file entry.txt (compact mmCIF, C-alpha atoms)
# COMPACT_ATOMS: atom_id res chain seq x y z
CA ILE S 7 0.00 0.00 0.00
CA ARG S 8 1.10 3.55 -0.78
CA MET S 9 -0.05 6.84 0.72
CA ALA S 10 -2.40 8.86 -1.50
CA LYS S 11 -3.19 8.08 -5.14
CA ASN S 12 0.06 9.34 -6.72
CA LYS S 13 1.37 5.96 -7.91
CA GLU S 14 -2.08 4.82 -9.07
CA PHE S 15 -2.32 7.82 -11.40
CA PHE S 16 1.13 6.94 -12.76
CA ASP S 17 0.16 3.36 -13.57
CA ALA S 18 -3.26 4.47 -14.81
CA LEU S 19 -1.74 6.78 -17.44
CA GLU S 20 0.32 3.89 -18.82
CA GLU S 21 -2.53 1.40 -18.78
CA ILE S 22 -4.97 3.86 -20.38
CA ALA S 23 -2.38 4.65 -23.05
CA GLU S 24 -2.12 0.90 -23.68
CA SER S 25 -5.91 0.66 -24.11
CA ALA S 26 -5.70 3.65 -26.47
CA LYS S 27 -3.36 1.82 -28.87
CA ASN S 28 -6.25 1.09 -31.28
CA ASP S 29 -8.95 3.41 -29.87
CA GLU S 30 -8.67 6.77 -31.61
CA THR S 31 -11.42 8.34 -29.49
CA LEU S 32 -9.66 7.34 -26.27
CA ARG S 33 -6.33 8.62 -27.63
CA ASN S 34 -7.80 12.08 -28.17
CA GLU S 35 -9.39 12.06 -24.71
CA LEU S 36 -6.11 10.97 -23.11
CA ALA S 37 -4.12 13.51 -25.14
CA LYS S 38 -6.30 16.32 -23.77
CA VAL S 39 -5.83 15.03 -20.21
CA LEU S 40 -2.06 14.88 -20.65
CA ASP S 41 -1.98 18.29 -22.38
CA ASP S 42 -3.84 19.82 -19.42
CA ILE S 43 -1.42 18.24 -16.94
CA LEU S 44 1.60 19.41 -18.94
CA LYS S 45 0.48 23.05 -19.12
CA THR S 46 0.09 23.06 -15.31
CA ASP S 47 2.94 24.11 -13.00
CA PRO S 48 3.75 21.06 -10.84
CA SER S 49 5.35 23.29 -8.19
CA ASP S 50 1.87 24.81 -7.67
CA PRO S 51 0.31 21.86 -5.82
CA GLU S 52 -3.14 23.46 -5.65
CA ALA S 53 -3.33 24.05 -9.39
CA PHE S 54 -1.95 20.56 -10.01
CA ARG S 55 -4.26 18.64 -7.68
CA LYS S 56 -7.06 20.66 -9.29
CA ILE S 57 -6.21 19.81 -12.89
CA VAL S 58 -6.06 16.09 -12.05
CA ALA S 59 -9.34 16.12 -10.11
CA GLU S 60 -11.06 18.19 -12.81
CA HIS S 61 -10.88 15.13 -15.11
CA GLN S 62 -12.83 12.89 -12.69
CA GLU S 63 -15.23 11.88 -15.47
CA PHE S 64 -12.31 10.52 -17.50
CA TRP S 65 -10.67 8.78 -14.54
CA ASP S 66 -14.00 7.18 -13.55
CA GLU S 67 -14.43 5.69 -17.01
CA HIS S 68 -11.23 3.71 -16.52
CA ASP S 69 -10.83 3.05 -12.82
CA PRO S 70 -13.26 4.40 -10.18
CA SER S 71 -10.56 3.74 -7.59
CA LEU S 72 -8.54 6.80 -8.66
CA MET S 73 -11.21 9.34 -7.63
CA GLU S 74 -12.78 7.15 -4.94
CA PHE S 75 -13.22 8.80 -1.54
CA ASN S 76 -14.15 6.35 1.21
CA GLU S 77 -15.61 8.59 3.89
CA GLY S 78 -14.74 5.87 6.42
CA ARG S 79 -11.18 7.11 6.81
CA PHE S 80 -10.46 10.83 6.51
CA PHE S 81 -13.83 11.15 8.23
CA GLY S 82 -13.35 14.73 9.41
CA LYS S 83 -12.74 15.71 5.78
CA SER S 84 -15.33 16.30 3.08
CA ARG S 85 -14.80 15.08 -0.47
CA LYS S 86 -13.96 18.58 -1.76
CA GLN S 87 -11.42 18.95 1.06
CA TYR S 88 -9.86 15.51 0.46
CA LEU S 89 -9.37 16.36 -3.21
CA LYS S 90 -7.18 19.27 -2.04
CA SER S 91 -5.11 17.37 0.54
CA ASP S 92 -1.98 15.26 0.38
CA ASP S 93 -4.26 12.30 1.16
CA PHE S 94 -5.53 12.49 -2.42
CA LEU S 95 -2.32 13.56 -4.20
CA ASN S 96 0.76 13.90 -2.00
CA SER S 97 2.88 16.85 -3.14
CA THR S 98 5.88 15.75 -1.03
CA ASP S 99 5.80 12.18 -2.26
CA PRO S 100 9.41 10.91 -2.16
CA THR S 101 9.06 9.08 -5.50
CA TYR S 102 5.86 10.05 -7.35
CA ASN S 103 5.59 13.75 -6.58
CA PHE S 104 3.99 16.27 -8.91
CA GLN S 105 7.22 17.08 -10.74
CA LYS S 106 7.73 13.37 -11.50
CA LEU S 107 4.09 13.07 -12.57
CA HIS S 108 4.53 16.07 -14.88
CA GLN S 109 7.70 14.57 -16.34
CA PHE S 110 6.00 11.18 -16.73
CA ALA S 111 3.07 12.89 -18.45
CA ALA S 112 5.40 14.53 -20.97
CA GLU S 113 6.90 11.16 -21.90
CA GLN S 114 3.48 9.54 -22.19
CA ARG S 115 2.20 12.39 -24.37
CA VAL S 116 5.05 11.88 -26.83
CA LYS S 117 4.60 8.10 -26.92
CA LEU S 118 0.85 8.59 -27.37
CA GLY S 119 1.54 10.59 -30.53
CA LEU S 120 4.23 8.19 -31.76
CA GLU S 121 1.73 5.33 -31.85
CA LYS S 122 0.23 6.37 -35.21
CA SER S 123 3.21 8.41 -36.46
CA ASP S 124 4.63 7.86 -39.92
CA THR S 125 7.89 6.10 -40.70
CA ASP S 126 9.85 9.34 -41.15
CA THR S 127 9.00 10.58 -37.68
CA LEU S 128 10.05 7.26 -36.10
CA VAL S 129 13.33 7.45 -38.01
CA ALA S 130 13.81 11.07 -36.90
CA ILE S 131 13.36 10.09 -33.26
CA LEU S 132 16.07 7.44 -33.68
CA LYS S 133 18.50 9.67 -35.64
CA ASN S 134 18.33 12.79 -33.44
CA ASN S 135 20.30 13.02 -30.21
CA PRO S 136 18.29 13.89 -27.06
CA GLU S 137 18.63 17.70 -27.36
CA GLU S 138 17.78 17.41 -31.04
CA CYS S 139 14.86 15.13 -30.14
CA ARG S 140 13.28 17.71 -27.83
CA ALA S 141 13.45 20.39 -30.52
CA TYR S 142 12.13 17.93 -33.10
CA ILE S 143 9.19 17.13 -30.83
CA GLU S 144 8.45 20.85 -30.59
CA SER S 145 8.62 20.99 -34.42
CA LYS S 146 5.86 18.37 -34.62
CA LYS S 147 3.38 20.36 -32.46
CA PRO S 148 0.72 19.32 -31.73
CA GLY S 149 1.12 15.80 -33.13
CA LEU S 150 3.43 14.69 -30.29
CA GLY S 151 2.20 17.19 -27.70
CA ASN S 152 2.10 20.98 -27.50
CA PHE S 153 5.73 21.20 -26.39
CA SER S 154 6.35 24.94 -26.74
CA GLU S 155 6.93 27.93 -24.49
CA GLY S 156 3.90 28.69 -22.34
CA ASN S 157 2.05 25.50 -23.28
CA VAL S 158 4.16 23.05 -21.29
CA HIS S 159 5.37 24.39 -17.97
CA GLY S 160 9.13 24.69 -17.83
CA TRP S 161 9.67 24.13 -21.55
CA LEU S 162 12.71 26.22 -22.46
CA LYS S 163 13.35 28.49 -25.41
CA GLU S 164 14.78 26.66 -28.42
CA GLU S 165 18.55 26.90 -28.96
CA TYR S 166 20.66 26.08 -32.02
CA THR S 167 23.83 24.24 -32.85
CA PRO S 168 25.76 26.41 -35.32
CA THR S 169 25.81 24.16 -38.37
CA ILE S 170 24.65 25.40 -41.79
CA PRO S 171 21.72 25.35 -41.55
CA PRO S 172 21.39 25.79 -37.77
CA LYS S 173 20.04 22.66 -36.11
CA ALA S 174 17.35 23.22 -33.49
CA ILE S 175 18.12 21.82 -30.03
CA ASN S 176 16.16 22.04 -26.80
CA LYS S 177 17.52 21.51 -23.29
CA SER S 178 14.25 21.01 -21.38
CA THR S 179 15.60 18.06 -19.40
CA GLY S 180 13.26 18.99 -16.55
CA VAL S 181 10.31 18.21 -18.84
CA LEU S 182 11.65 15.39 -21.07
CA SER S 183 14.72 13.89 -19.41
CA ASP S 184 17.45 12.12 -21.36
CA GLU S 185 16.13 8.89 -19.84
CA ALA S 186 12.61 9.72 -21.04
CA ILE S 187 14.08 10.37 -24.49
CA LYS S 188 15.75 6.96 -24.26
CA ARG S 189 12.44 5.23 -23.54
CA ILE S 190 10.84 7.30 -26.31
CA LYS S 191 13.52 5.97 -28.68
CA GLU S 192 12.83 2.41 -27.51
CA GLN S 193 9.16 2.81 -28.38
CA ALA S 194 10.01 4.41 -31.74
CA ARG S 195 12.32 1.45 -32.40
CA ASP S 196 9.55 -1.08 -31.78
CA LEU S 197 6.96 0.91 -33.75
CA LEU S 198 9.35 1.20 -36.71
CA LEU S 199 10.42 -2.46 -36.63
CA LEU S 200 6.76 -3.51 -36.64
CA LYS S 201 6.18 -1.32 -39.72
CA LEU S 202 9.20 -2.77 -41.53
CA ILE S 203 8.17 -6.30 -40.60
CA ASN S 204 4.63 -5.86 -41.88
CA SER S 205 5.83 -4.24 -45.14
CA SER S 206 8.52 -6.81 -45.88
CA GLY S 207 7.94 -9.88 -48.01
CA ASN S 208 11.50 -11.19 -47.61
CA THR S 209 10.82 -14.36 -45.65
CA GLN S 210 14.49 -15.27 -45.27
CA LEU S 211 15.47 -11.78 -44.04
CA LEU S 212 12.63 -11.83 -41.51
CA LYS S 213 13.81 -15.27 -40.39
CA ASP S 214 17.35 -13.93 -39.97
CA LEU S 215 15.98 -11.32 -37.57
CA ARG S 216 13.62 -13.76 -35.84
CA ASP S 217 16.47 -16.22 -35.28
CA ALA S 218 19.17 -13.71 -34.35
CA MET S 219 21.27 -14.87 -31.38
CA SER S 220 23.29 -11.70 -30.75
CA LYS S 221 22.98 -7.96 -31.22
CA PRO S 222 25.36 -7.81 -34.23
CA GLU S 223 23.26 -10.50 -35.94
CA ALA S 224 20.08 -8.56 -35.17
CA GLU S 225 21.68 -5.35 -36.48
CA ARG S 226 22.66 -6.91 -39.83
CA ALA S 227 19.12 -8.24 -40.40
CA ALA S 228 17.22 -5.21 -39.12
CA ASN S 229 19.44 -2.81 -41.07
CA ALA S 230 18.87 -4.85 -44.24
CA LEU S 231 15.13 -4.55 -43.51
CA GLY S 232 15.47 -0.75 -43.41
CA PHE S 233 16.11 0.00 -39.73
CA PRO S 234 18.50 3.00 -39.61
CA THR S 235 22.05 2.35 -38.45
CA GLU S 236 21.62 5.39 -36.19
CA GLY S 237 19.17 3.29 -34.22
CA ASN S 238 21.61 0.41 -33.65
CA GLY S 239 22.61 1.92 -30.31
CA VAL S 240 19.12 1.19 -28.96
CA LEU S 241 18.42 -1.96 -30.96
CA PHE S 242 17.01 -4.72 -28.70
CA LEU S 243 14.34 -7.24 -29.73
CA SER S 244 11.30 -6.94 -27.49
CA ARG S 245 8.47 -9.37 -26.82
CA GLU S 246 6.07 -7.59 -29.19
CA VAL S 247 8.58 -7.44 -32.04
CA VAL S 248 9.53 -11.10 -31.65
CA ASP S 249 5.85 -12.04 -31.71
CA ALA S 250 5.24 -9.97 -34.85
CA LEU S 251 8.26 -11.62 -36.50
CA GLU S 252 7.00 -15.13 -35.82
CA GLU S 253 3.51 -14.34 -37.11
CA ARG S 254 4.75 -12.52 -40.22
CA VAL S 255 7.10 -15.35 -41.26
CA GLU S 256 4.29 -17.86 -40.66
CA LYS S 257 1.90 -15.80 -42.81
CA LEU S 258 4.39 -15.43 -45.66
CA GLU S 259 5.13 -19.16 -45.60
CA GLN S 260 1.42 -20.07 -45.69
CA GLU S 261 0.94 -17.72 -48.63
CA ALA S 262 4.01 -19.15 -50.37
CA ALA S 263 2.68 -22.69 -49.87
CA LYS S 264 -0.74 -21.73 -51.29
CA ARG S 265 0.92 -20.40 -54.48
CA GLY S 266 3.53 -23.12 -54.92
CA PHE S 267 0.71 -25.64 -54.62
CA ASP S 268 -1.50 -23.97 -57.24
CA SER S 269 1.42 -23.34 -59.63
CA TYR S 270 1.65 -27.17 -59.58
CA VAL S 271 -1.94 -28.44 -59.32
CA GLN S 272 -3.14 -26.99 -62.64
CA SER S 273 0.30 -27.14 -64.29
CA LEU S 274 0.49 -30.90 -64.80
call {"tool": "encode", "arguments": {"input": "entry.txt", "output": "structure tokens"}}
result
Amino acid sequence: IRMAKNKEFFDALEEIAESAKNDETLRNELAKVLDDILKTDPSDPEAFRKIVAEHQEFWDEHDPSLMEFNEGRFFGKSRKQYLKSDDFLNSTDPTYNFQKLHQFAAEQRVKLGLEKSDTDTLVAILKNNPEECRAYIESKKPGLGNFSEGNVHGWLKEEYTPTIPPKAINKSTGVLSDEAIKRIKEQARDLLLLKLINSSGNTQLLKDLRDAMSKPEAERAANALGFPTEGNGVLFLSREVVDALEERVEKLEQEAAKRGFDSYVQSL
């Protein structure tokens, strides 16, 4: 058991995002909830408790436990009072405080937008370094969130690395940490691999990836499938990608057997 609902809201954001993977209506609803959280100053605990509680209708549709107020404990407190206390959302939480919830929300908002993003954006996430990634995410507004000054609290002014042309960089590590960018790249990796797998008809190449026994072997196959070498640093085969690989090879082999049979059954 944990004090207050802080951790439950963390896990709820992830699990609702999961349920939104193929539910476009829920995606838009969750995007608005995340957008509202991100525009709120997490060092203003009253404004932050208020923006979370203001979406009670949304939270109730997914887990009534988040907004549940058992008047058995906290008996001297009304519901309106509880929703403003640390017993609802603990601002001094050692682990899941409002700053961490804000930072988590920024990462989820990007991943939410990545889900249906095109190939080129997945590749851009893998090719850009973390500073470049933050600026690129701003460039995609609002597809990956409204990451811009005044619309996400603490988002910094865009800077530039003096190449020709200047490359946009953003140093808002207090909003999207380097570790959040790393997990964003891991999700982009999986999303892109799944696209390349579905588009490929090269059964042997897909088998080479499916049967890879080491990272160099996986790199050679994935790169031949179109995965960018700039993503090799984060290349790791996850459960979902392995499962897609097995099913795709099986489908291609069934289809190949149905044709090789017919090219023979009416031939002779």
call {"tool": "atom_distance", "arguments": {"input": "entry.txt", "atom1": "atom CA of residue 54 of chain S", "atom2": "atom CA of residue 94 of chain S"}}
result
11.6 Å
call {"tool": "residues_around", "arguments": {"input": "entry.txt", "residues": "residue 17 of chain S", "least_positions_apart": "2", "cutoff": "12 Å", "atoms": "only C-alpha atoms", "output": "PyMOL selection string"}}
result
chain S and resi 11-15+19-24+68-69+72+102+107+110-111+114
call {"tool": "atom_distance", "arguments": {"input": "entry.txt", "atom1": "atom CA of residue 255 of chain S", "atom2": "atom CA of residue 243 of chain S"}}
result
15.8 Å
call {"tool": "closest_residue", "arguments": {"input": "entry.txt", "among": "S:76, S:167, S:206, S:154", "to": "residue 181 of chain S", "atoms": "only C-alpha atoms"}}
result
S:154
call {"tool": "closest_residue", "arguments": {"input": "entry.txt", "among": "S:224, S:149, S:142, S:41", "to": "residue 239 of chain S", "atoms": "all atoms listed in the file"}}
result
S:224
call {"tool": "closest_residue", "arguments": {"input": "entry.txt", "among": "S:74, S:52, S:164, S:252", "to": "residue 96 of chain S", "atoms": "only C-alpha atoms"}}
result
S:52
call {"tool": "residues_around", "arguments": {"input": "entry.txt", "residues": "residue 75 of chain S", "least_positions_apart": "6", "cutoff": "9 Å", "atoms": "only C-alpha atoms", "output": "ChimeraX atom specification"}}
result
/S:85,88-89,94
call {"tool": "axis_aligned_box", "arguments": {"input": "entry.txt", "around": "segment 153-171 of chain S", "padding_each_side": "8 Å", "output": "JSON"}}
result
{"center_x": 13.9, "center_y": 24.9, "center_z": -29.8, "size_x": 39.8, "size_y": 23.5, "size_z": 40.0}
call {"tool": "decode", "arguments": {"input": "entry.txt", "residues": "segment 94-168 of chain S", "atoms": "C-alpha atoms", "output": "PDB file, in the first residue's frame"}}
result
ATOM      1  CA  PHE S  94      -5.532  12.491  -2.421  1.00  0.00           C
ATOM      2  CA  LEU S  95      -2.319  13.560  -4.199  1.00  0.00           C
ATOM      3  CA  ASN S  96       0.764  13.900  -2.002  1.00  0.00           C
ATOM      4  CA  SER S  97       2.884  16.852  -3.139  1.00  0.00           C
ATOM      5  CA  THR S  98       5.876  15.751  -1.028  1.00  0.00           C
ATOM      6  CA  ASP S  99       5.798  12.177  -2.263  1.00  0.00           C
ATOM      7  CA  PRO S 100       9.409  10.913  -2.157  1.00  0.00           C
ATOM      8  CA  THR S 101       9.059   9.078  -5.501  1.00  0.00           C
ATOM      9  CA  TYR S 102       5.860  10.045  -7.353  1.00  0.00           C
ATOM     10  CA  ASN S 103       5.588  13.747  -6.582  1.00  0.00           C
ATOM     11  CA  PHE S 104       3.994  16.275  -8.910  1.00  0.00           C
ATOM     12  CA  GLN S 105       7.220  17.081 -10.742  1.00  0.00           C
ATOM     13  CA  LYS S 106       7.731  13.375 -11.504  1.00  0.00           C
ATOM     14  CA  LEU S 107       4.091  13.074 -12.565  1.00  0.00           C
ATOM     15  CA  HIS S 108       4.532  16.066 -14.879  1.00  0.00           C
ATOM     16  CA  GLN S 109       7.702  14.565 -16.336  1.00  0.00           C
ATOM     17  CA  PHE S 110       6.001  11.185 -16.726  1.00  0.00           C
ATOM     18  CA  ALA S 111       3.065  12.892 -18.454  1.00  0.00           C
ATOM     19  CA  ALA S 112       5.396  14.533 -20.967  1.00  0.00           C
ATOM     20  CA  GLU S 113       6.902  11.162 -21.897  1.00  0.00           C
ATOM     21  CA  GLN S 114       3.476   9.536 -22.189  1.00  0.00           C
ATOM     22  CA  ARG S 115       2.199  12.390 -24.366  1.00  0.00           C
ATOM     23  CA  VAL S 116       5.053  11.885 -26.827  1.00  0.00           C
ATOM     24  CA  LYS S 117       4.595   8.098 -26.915  1.00  0.00           C
ATOM     25  CA  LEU S 118       0.853   8.586 -27.368  1.00  0.00           C
ATOM     26  CA  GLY S 119       1.542  10.589 -30.526  1.00  0.00           C
ATOM     27  CA  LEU S 120       4.233   8.195 -31.761  1.00  0.00           C
ATOM     28  CA  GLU S 121       1.730   5.334 -31.848  1.00  0.00           C
ATOM     29  CA  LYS S 122       0.233   6.374 -35.207  1.00  0.00           C
ATOM     30  CA  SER S 123       3.209   8.410 -36.464  1.00  0.00           C
ATOM     31  CA  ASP S 124       4.629   7.858 -39.924  1.00  0.00           C
ATOM     32  CA  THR S 125       7.893   6.105 -40.699  1.00  0.00           C
ATOM     33  CA  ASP S 126       9.854   9.335 -41.150  1.00  0.00           C
ATOM     34  CA  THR S 127       8.996  10.579 -37.681  1.00  0.00           C
ATOM     35  CA  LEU S 128      10.050   7.257 -36.095  1.00  0.00           C
ATOM     36  CA  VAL S 129      13.329   7.451 -38.005  1.00  0.00           C
ATOM     37  CA  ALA S 130      13.814  11.073 -36.904  1.00  0.00           C
ATOM     38  CA  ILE S 131      13.363  10.093 -33.259  1.00  0.00           C
ATOM     39  CA  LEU S 132      16.073   7.440 -33.680  1.00  0.00           C
ATOM     40  CA  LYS S 133      18.504   9.665 -35.640  1.00  0.00           C
ATOM     41  CA  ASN S 134      18.328  12.794 -33.441  1.00  0.00           C
ATOM     42  CA  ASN S 135      20.302  13.025 -30.206  1.00  0.00           C
ATOM     43  CA  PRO S 136      18.285  13.888 -27.063  1.00  0.00           C
ATOM     44  CA  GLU S 137      18.627  17.696 -27.357  1.00  0.00           C
ATOM     45  CA  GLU S 138      17.776  17.411 -31.040  1.00  0.00           C
ATOM     46  CA  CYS S 139      14.865  15.132 -30.136  1.00  0.00           C
ATOM     47  CA  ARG S 140      13.280  17.709 -27.828  1.00  0.00           C
ATOM     48  CA  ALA S 141      13.448  20.391 -30.516  1.00  0.00           C
ATOM     49  CA  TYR S 142      12.132  17.931 -33.100  1.00  0.00           C
ATOM     50  CA  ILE S 143       9.187  17.133 -30.827  1.00  0.00           C
ATOM     51  CA  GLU S 144       8.454  20.852 -30.593  1.00  0.00           C
ATOM     52  CA  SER S 145       8.618  20.990 -34.417  1.00  0.00           C
ATOM     53  CA  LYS S 146       5.858  18.369 -34.616  1.00  0.00           C
ATOM     54  CA  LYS S 147       3.375  20.357 -32.457  1.00  0.00           C
ATOM     55  CA  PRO S 148       0.721  19.321 -31.733  1.00  0.00           C
ATOM     56  CA  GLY S 149       1.124  15.795 -33.128  1.00  0.00           C
ATOM     57  CA  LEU S 150       3.429  14.691 -30.295  1.00  0.00           C
ATOM     58  CA  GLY S 151       2.201  17.185 -27.701  1.00  0.00           C
ATOM     59  CA  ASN S 152       2.103  20.978 -27.502  1.00  0.00           C
ATOM     60  CA  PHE S 153       5.728  21.197 -26.388  1.00  0.00           C
ATOM     61  CA  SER S 154       6.353  24.938 -26.740  1.00  0.00           C
ATOM     62  CA  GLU S 155       6.925  27.926 -24.486  1.00  0.00           C
ATOM     63  CA  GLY S 156       3.904  28.694 -22.339  1.00  0.00           C
ATOM     64  CA  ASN S 157       2.046  25.502 -23.283  1.00  0.00           C
ATOM     65  CA  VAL S 158       4.160  23.047 -21.291  1.00  0.00           C
ATOM     66  CA  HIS S 159       5.366  24.387 -17.971  1.00  0.00           C
ATOM     67  CA  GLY S 160       9.134  24.692 -17.834  1.00  0.00           C
ATOM     68  CA  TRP S 161       9.669  24.129 -21.550  1.00  0.00           C
ATOM     69  CA  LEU S 162      12.708  26.215 -22.464  1.00  0.00           C
ATOM     70  CA  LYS S 163      13.351  28.488 -25.409  1.00  0.00           C
ATOM     71  CA  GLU S 164      14.779  26.656 -28.417  1.00  0.00           C
ATOM     72  CA  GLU S 165      18.550  26.903 -28.960  1.00  0.00           C
ATOM     73  CA  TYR S 166      20.659  26.077 -32.016  1.00  0.00           C
ATOM     74  CA  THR S 167      23.832  24.241 -32.851  1.00  0.00           C
ATOM     75  CA  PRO S 168      25.755  26.409 -35.315  1.00  0.00           C
TER      76      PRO S 168
END
